[PDB]
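Listed next as structure tokens is one chain, alone, in the form deposited in one PDB entry.
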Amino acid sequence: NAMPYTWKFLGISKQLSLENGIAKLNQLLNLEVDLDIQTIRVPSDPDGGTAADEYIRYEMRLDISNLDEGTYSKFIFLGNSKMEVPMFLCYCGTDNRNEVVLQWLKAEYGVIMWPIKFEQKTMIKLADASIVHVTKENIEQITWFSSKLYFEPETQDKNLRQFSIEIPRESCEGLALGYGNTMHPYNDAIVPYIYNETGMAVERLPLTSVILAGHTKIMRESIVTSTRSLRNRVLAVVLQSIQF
């Protein structure tokens, strides 16, 4: 729609060294998969223990049609060898070869994978991660988005089927100013403000989505974006979320 890319996530039992090589999958698919590999840092300001905070980001684009965006198909992997669960992957699009890429990873590497699901607190952390902008000088900056939290409780006779809490852009910023400077405004300022003002504990309620207007929609089992990709920090939070 305004957010045509729907991402699903999978934990992986080992850090895949795709560096070498996509070739085997390429011929399987009789198709040219492009493989990009970069090292990223989260937090980004490279002054952060020149390591540990370094991740490896891999991307596989399935080269194909460009008519309907709902079929745009990309695989993203984030790895960190200094973590116990050292990699996850996620992928968008509805292409039939998606499932064929998964079974290949398994075989080629003998790895097991599992669907990643996000608890409320992680949905919150992902919201904090999504609104970080990285300048050219690799400085991380919070940016402000009108924000909306949706809930779908289970009550007798559908008495209460749905409710939402919306915080306009200016009030998200405003709430952070009372805190004040923070890279985690949803966790540190906004979600607590809601609890203290309403008795509603977001992390305990049936939160089904967090929508950052025009940007991303974070849900229990997926993330939807208007961008054909996910931000470094959002990826880092996903990976941290599956550790023990």
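Each form is matched to the other, and the largest set of C-alpha atoms that superpose within 1.5 Å is called the rigid core. The first residue of the shown sequence is 1; numbering continues from there.
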{"property": "Between the two ranges 8-16 and 227-235, the one averaging a larger CA B factor in the entry", "result": "8-16"}
{"property": "63-71 versus 38-46 - which carries the larger mean C-alpha B factor in the record", "result": "63-71"}
{"property": "126, 165, 107, 90, ranked by C-alpha B-factor: the highest one", "result": "107"}
{"property": "Member of 207, 29, 211, 183 with the greatest C-alpha B factor (per the PDB record)", "result": "29"}
{"property": "Chain third (lowest, middle, highest) by recorded CA B-factor, residue given as residue 95", "result": "highest"}
{"property": "Residue 84, C-alpha B-factor rank within chain (lowest, middle or highest third)", "result": "highest"}
{"property": "Assigned third (lowest, middle, highest) for the C-alpha B factor of residue 169", "result": "lowest"}
{"property": "Lowest, middle or highest third - CA B-factor, residue 119", "result": "middle"}
{"property": "Chain-relative CA temperature factor third for residue 140", "result": "lowest"}
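Not pictured, yet referred to below: the form deposited in another entry.
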query	finding
Option from 35, 176, 219, 28 moving between this form and the one not shown, CA shift at or above 2 Å, rigid core reference	176
Post core alignment: residue 81 C-alpha displaced by 2 Å or more between this form and the one not shown	no
C-alpha of residue 117 off by 2 Å or more between this form and the one not shown on rigid core	no
Core-aligned C-alpha movement of residue 103 between this form and the one not shown, 2 Å or more	no
Closer or farther in the other entry: C-alpha pair residue 134, residue 182 (3 angstroms or more)	closer
Pairwise C-alpha change, residue 79 versus residue 139, in the other entry against this form - closer or farther, 3 angstroms or more	farther
